[PDB]
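J.: next input, structure requested:
(one chain, ligands or ions: 4)
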Amino acid sequence: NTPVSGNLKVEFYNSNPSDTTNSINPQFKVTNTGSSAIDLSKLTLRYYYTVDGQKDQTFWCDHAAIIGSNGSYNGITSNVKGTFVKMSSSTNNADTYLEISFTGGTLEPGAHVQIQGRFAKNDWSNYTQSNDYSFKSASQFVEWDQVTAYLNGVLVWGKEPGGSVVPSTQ
Ligand SMILES: [Ca+2]
Ligand SMILES: [Cl-]
Ligand SMILES: [Cl-]
Ligand SMILES: [Cl-]
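T.: Numbers count the residues shown, from 1 in each chain. Ligands and ions are numbered 1, 2, ... in the order given. For reference, the structure is listed below:
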């Protein structure tokens, strides 16, 4: 239902399915479906959720790598950064997003970058995952339009909870 720019394919899943849990485990796999390279420092990804009792939070990138169309392997775990943002206009299943960014790296055509993430409230208290917009339980990465990706701030994949889609589309 949701339009895409066509430069990225975003696949996704949460590896922890429990409704009540004190870590959320978003996993991203972003493929460059264009024929020109992408500078990863211009890519951001957002996972939208409800914090369920505002407390400070921490994000860990447990692992990230860029994998070439032919199989080359570049570890970039230490290049991945997370920032928690309280939304200026919440929706029913989103008052916060985790925004993932990168300090460097290059995504060639056909390459993909995998990001395995984890976040918690600093006191390890519970979240509820059933009121989280971006949550998606699966056994492997699947295409998922409720996480969003941006190149230099321009939305190219997914639908924001507030309704925004790729510019010029409906
Ligand atoms: Ca929640
Ligand atoms: Cl709250
Ligand atoms: Cl979908
Ligand atoms: Cl924004």
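
J.: if I look at the closest residue to residue 152 other than its chain neighbours, how far off is residue 13?
T.: Closest residue to residue 152 apart from its sequence neighbours, by C-beta to C-beta, 6 or more residues apart in numbering: residue 42 at 4.7 Å. In this view, the C-beta of every residue, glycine as well, is placed from N, C-alpha and C. The gap separating residue 42 from residue 13 is 24 Å, by C-beta to C-beta, to the nearest Å.

J.: with neighbour numbers in mind, choose between the two.
T.: Between residue 42 and residue 13, counted using other C-beta atoms under 10 Å, the more crowded position is residue 13 (19 against 14).

J.: am I right that the more buried one is in contact with residue 143?
T.: No - counting by C-beta atoms under 8 Å, residue 13 does not reach residue 143; the two are 10.4 Å apart.

J.: up against ligand 3, what does the chain have?
T.: By C-beta under 5 Å from the ion, the part of the chain that sits against ligand 3 consists of 144, 145.

J.: again, only using 6 Å
T.: 143, 144, 145 (C-beta under 6 Å from the ion).

J.: tell me, how many residues neighbour the first one?
T.: Here the number of neighbours of residue 143 (other C-beta under 10 Å) works out to 12.

J.: quick one, what contacts it?
T.: Counting by C-beta atoms under 8 Å, 6 or more residues apart in numbering, residue 143 touches 9, 10, 11, 12.

J.: same question, residue 119
T.: Applying C-beta under 8 Å, 6+ apart to residue 119 gives the contacts 23, 24, 26, 57, 58, 59, 60, 82, 84, 98.
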